[PDB]
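For reference, the chain that follows is the form deposited in one PDB entry, supplied as structure tokens.
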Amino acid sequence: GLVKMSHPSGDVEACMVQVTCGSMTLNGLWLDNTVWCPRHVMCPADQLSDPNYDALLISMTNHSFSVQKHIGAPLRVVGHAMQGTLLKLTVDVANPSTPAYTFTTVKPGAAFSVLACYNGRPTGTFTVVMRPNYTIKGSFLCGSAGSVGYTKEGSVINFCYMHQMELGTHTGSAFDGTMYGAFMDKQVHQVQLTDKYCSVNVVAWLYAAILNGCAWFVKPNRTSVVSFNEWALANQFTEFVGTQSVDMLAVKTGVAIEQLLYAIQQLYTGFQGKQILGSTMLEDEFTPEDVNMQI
């Protein structure tokens, strides 16, 4: 069946620390001699509504930050810099459990695993998709700022997300410092763009339905990619872009992408009765790589 699958979180658990500055504490990511954490740890919650982060960074010394590791084996800060919405702290011990890793920005529709932590303590893991409005729908209580999202290729962890703020709608930074969707890290109200169904994932989900013998929705009728995308612009679906993973499902089932593009337009009008792989709505948080891997 189709389960929400995350990467095993051991490699990332061994990198979580608690970062403290003033009365603010949160989670941080310890890679080699660097500890990454959200920069709003420097902001007293009284002034979190409008901070001047550069003035905040001037007023700080390496003594303004403390870093603690709770899990596993149990840091002095000798450097501090700011990189967009992240603090980049330098510590005097290299994390002896740093995994091979990269930094890459994920795109809307793509899935990654999240290690929710509190006070440097990993508490749970789940998978989210980067929404078209550059938010994610996960579970983030008070104190999970600095929790980390990632994918894994071979032995290489791709760190792609550090949690920053709740707008059950959440957003955060890539490890280059830039916020997903350009949201500001200040507790002012800000308007998010409209969310959309991720069309390539709905299509992968329907292929999964077909591979499990649930194909009542397949008709001979087709709509072209060109025409679907023109329809998508008016109905809050993303632009459909085919990939090799999608092609593999079309080959295995013998059902063409265009047949599913047409069925989406009908199923969006409403499921009739009637159910698909358990649910009464379209599912867009399983990727073609998900479906290929699991089925």
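Superpose the two forms; the largest set of C-alphas matching within 1.5 Å is the rigid core. The numbering used is simple: start at 1 and walk along the sequence shown.
Just so it is clear, the following notes concern the form deposited in another entry, a form of the same protein that is not shown.
Novice: Align on the core first; then indicate which of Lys107, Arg121, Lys219, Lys137 has a CA shift of 2 angstroms or more between this form and the one not shown.
Specialist: Result of the comparison: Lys219.
Novice: Look at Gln236 and decide if its Cα position differs by 2 Å or more between this form and the one not shown after superposing on the rigid core.
Specialist: The answer is no, as the C-alpha of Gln236 shifts between this form and the one not shown by less than 2 Å after core alignment.
Novice: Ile276: with the rigid core matched between this form and the one not shown, does its Cα shift 2 Å or more?
Specialist: Superposed on the core, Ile276 moves its C-alpha 2 Å or more between this form and the one not shown.
Novice: Superposing on the rigid core, do we see a C-alpha displacement of 2 Å or more at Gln265 between this form and the one not shown?
Specialist: For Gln265, whose C-alpha is compared between this form and the one not shown after core superposition, the shift is 2 Å or more.
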